[PDB]
């Protein structure tokens, strides 16, 4: 059962990558620089032989590659060299006590018809409520989300004309990095961000609204953006968000759904689908499923545009 034992012990890959990132030595691996294990251990005060053993495993799983009298990050794993990279922040969330405690309650959550989220069962609060009481975890999560916007922003500005819109609300925009990046290219607009803040953010070019899209969505916007929001929610909660958007919107107003649309048979989509179930009782959805939500909320699909293998844009109207 060599394949089954490889699958069972898959978590050991995530935990050694976490350990590498957490040691704060990634700065020295930048631009594929060849780092000497001995020089690194002496500098940091690390156990040489034990750190060497870690490096050998990181080579075997393809994070590190052997270089002349040392080790370097593989080209595919170069992002780990930057501690503020999406991938560096992602691993901190992935093997967090928040995540693995939530995962432990997944099996229990699947048996219960009107289950609380596996996360709520584990922690006594739903995911976004929990973020209010955990500054460090929220900071890491919000920054991780901001770096996700950085990865698709170039492709986004190409395939959709944002200049046609004058009043733009980022619904669940968090730090508001989407509108920060859009603002860099598109100036002289009204940019607003709706989210839940302990302390409401302040920027010169972006307005921030401390609210709750289950209570109401602000009216007076001709574009409503929902990036990586819908997949956080059950069908009932998703419809309630779209319904609140509908009550806010006049007949000419646009909704942009930005995020994963299930179609390409990718493992990262399937695995993220199960994580959304664990954390939020959310899901990744097929177009027809998103279409069904849209219709029920009183919208129609006007257009679909592919960003990449993971992400598409869905333009809603009415």
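Positions refer to the first chain, counted from 1.
Item to check | Between 90-98 and 134-142 (mean CA B-factor, as deposited), the higher | outcome: On average, C-alpha B-factors are higher across 134-142.
Item to check | Stretch with the greater mean C-alpha B-factor as recorded in the entry, comparing 242-250 against 106-114 | outcome: Mean B over CA atoms: larger for 242-250.
Item to check | Candidate set 227, 231, 189, 123 [ranked by C-alpha B-factor, highest] | outcome: That would be 189, according to the entry.
Checklist entry - For the listed 55, 276, 256, 34, which has the peak Cα B-factor recorded in the PDB entry? => result If I rank 55, 276, 256, 34 by C-alpha B-factor, first place goes to 34.
Checklist entry - Within this chain, which third does the Cα B-factor at residue 8 fall in: lowest, middle or highest? => result Lowest third - that is where residue 8 ends up once the chain's C-alpha B-factors are sorted.
Item to check | Entry-reported Cα temperature factor of residue 19, expressed as the chain third it lands in | outcome: It belongs to the lowest third of the chain when residues are ordered by C-alpha B-factor.
Checklist entry - Considering only modelled residues of the same chain, in which third does the CA B-factor of residue 47 rank: lowest, middle or highest? => result It belongs to the highest third of the chain when residues are ordered by C-alpha B-factor.
Item to check | Among modelled residues of the same chain, the CA temperature factor third for residue 160 | outcome: Highest third of the chain for residue 160's C-alpha B-factor.
Item to check | residue 172, C-alpha B-factor rank within chain (lowest, middle or highest third) | outcome: Within its chain, residue 172 is a lowest-third residue by C-alpha B-factor, going by the deposited values.
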